[PDB]
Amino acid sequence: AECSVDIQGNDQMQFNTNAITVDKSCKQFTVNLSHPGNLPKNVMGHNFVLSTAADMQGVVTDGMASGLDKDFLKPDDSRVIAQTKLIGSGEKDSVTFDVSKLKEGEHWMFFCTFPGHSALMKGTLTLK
């Protein structure tokens, strides 16, 4: 592939990767998220959520208060660069966003906002 990445989150509360790079040549970048586990999304749900390193704690916290039916995401949360839905076993979702949204010199994290998962399910995205 190119200007896309495949990410898996499993039954062990892990992303398969902790670091993503995006080609500064890309206008747009795609994240394809899957869940190769057997647990359902209300006990081991995963989403792919991207923000700067410094907004990460805020988005996680309010994502928790927004609740399962809202994908553990605050609706139209302005800190969120890109988000998928919350998925569980056997499910998938992709998200495409404008690379232009990565300003140069910022630092970005991706993570799951299912309560508790970010302690393990987090990783770095960087502009390549």
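In this text, residue numbers run from 1 along the sequence as written.
Look at the mean CA B-factor for 59-67 and for 92-100 in the entry; the higher one is 92-100. Note on 7-15 vs 21-29: mean CA B-factor is higher in 21-29. In the PDB entry, the Cα temperature factor peaks, among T52, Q83, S78, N42, at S78.
Looking at the C-alpha B-factors along this chain, the one for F110 belongs to the lowest third.
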